[PDB]
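1. when you get a sec, could you give me coordinates for this:
(one chain, ligands or ions: 1)
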Amino acid sequence: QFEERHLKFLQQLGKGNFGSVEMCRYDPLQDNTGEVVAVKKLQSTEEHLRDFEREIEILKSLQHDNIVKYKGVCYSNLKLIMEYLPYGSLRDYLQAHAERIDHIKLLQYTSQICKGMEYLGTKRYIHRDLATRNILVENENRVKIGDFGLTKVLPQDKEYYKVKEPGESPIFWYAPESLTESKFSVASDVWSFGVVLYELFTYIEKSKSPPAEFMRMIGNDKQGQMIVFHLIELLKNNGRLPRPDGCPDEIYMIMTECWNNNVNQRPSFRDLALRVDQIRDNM
Ligand SMILES: NC(=O)c1cnc2[nH]ccc2c1N[C@@H]1[C@@H]2C[C@@H]3C[C@H]1C[C@@](O)(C3)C2
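-> Residues are numbered from 1 along each chain as shown. Structure data below:
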């Protein structure tokens, strides 16, 4: 329902899981007016096309404040049309404005990521790619989960979805049962949320990121697909990301409790939202 000839290229925004996202002016009157939007397209196999159409449907089915807004599609090679958010990714915003973002603000974002995820759960959706690079900023007070490219629907009958053909993955955000048995759940999204909260309290220092930090603990000399093996074994032996500099005990406990080897012990997003809110209301 969006006409290709009316989408005017302004600039690239970045590359996602498969395809890429552009900033365009939608100008169907062909005057000067018309909103700016974000346009996703594939760089395109059949397997990817199937997934992209699933992604569109997932995004269409979501209405939440903490989820990026679907606007429409563009047929002629599919295009997904979304709201454009001018502050960009949380990782970029945080790096740009690090000096005016205090711990309270960080827990406000944390709280909003929890709400959006709690909402994902009610629809039995598994995000699988929770990371600050995937969170967008709407304004200094509101963030939105974007990129639903790897998101899966739980079948009506099972509490986990096994992912056939695991391509090159965000391995440092993955729960152990995801790395071993390709098993994805509300519990694995909770683990990843734990890494997101870790990212926030490091303020995305380069050397403090989850990849830099696990490679430290494995050894920079280790290589290839050995990396994944050493990571699985490290996690089995209760090796964990360190407490970020300036991160209080109470906050670290949320992270370590999210990073439980036992799937059933990991807290719920309902618990995480409430717990975060109180620590926030404790300052
Ligand atoms: N609504 C959007 O998709 C969107 C809106 N405004 C934006 N401003 C900068 C990126 C961006 C958007 N998507 C970006 C795209 C996909 C994914 C999430 C974003 C950052 C990323 O690195 C990874 C590239």
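2. for residue 90, which residues are in contact?
-> By CB atoms under 8 Å, 6 or more residues apart in numbering, the contact list for residue 90 reads 109, 132-133, 135-137, 143. The way it works is simple: take the backbone N, C-alpha and C, and place the C-beta from them, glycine included.
3. quick check on it: phi, psi?
-> Here is the backbone geometry of residue 90 (degrees, to the nearest 10): phi -60, psi -40.
4. how about it: what's its closest non-neighbour residue?
-> Nearest residue to residue 90, sequence neighbours excluded (CB to CB, 6 or more residues apart in numbering): residue 135, at 4.0 Å.
5. number of nearby residues for the residue of the chain found nearest the ligand?
-> For the chain, the residue closest to the ligand is residue 14, as judged by CB to the nearest ligand atom, at 2.8 Å. Using other CB atoms under 10 Å, residue 14 has 13 neighbouring residues.
6. correct me if wrong: it contacts residue 21.
-> Yes. Contact status for residue 14 versus residue 21: in contact at 5.8 Å, counting by CB atoms under 8 Å.
7. where do the helices sit along this protein?
-> 46-60, 90-96, 103-122, 176-181, 186-202, 210-218, 226-236, 249-258, 269-280 (DSSP state H).
8. mind giving me the domain ranges of the chain?
-> Domain assignment for the chain, taken from curated CATH domains, gives 1-84, 85-281.
9. just the ones you listed: most buried one?
-> domain 85-281 (a mean of 17; mean count of other CB atoms under 10 Å).
10. any idea how far that one is from the middle of the chain?
-> Averaging C-alpha positions (CA atoms, centre = their mean, to the nearest Å) puts domain 85-281 8 Å from its chain's average.
11. start to end distance for it?
-> 28 Å (CA to CA, to the nearest Å).
12. same check on stretch 169-176?
-> Stretch 169-176 stretches 13 Å from its first residue to its last (CA to CA).
13. quick one: is it near the ligand?
-> No. Applying CB under 6 Å from any ligand atom, one finds stretch 169-176 separated from the ligand by no less than 11.9 Å.
14. what's in contact with that stretch?
-> 129-131, 179, 187-188, 191-192, 195-196, 210-211, 214, 227-228, 231-232, 235-236, 261, 263.
15. list the contacts for residue 205?
-> By CB under 8 Å, 6+ apart, residue 205 has no neighbours at all.
16. go on, the one 3 residues further on?
-> Taking CB under 8 Å, 6+ apart as the definition of contact, the neighbours of residue 208 are 202, 244-245.
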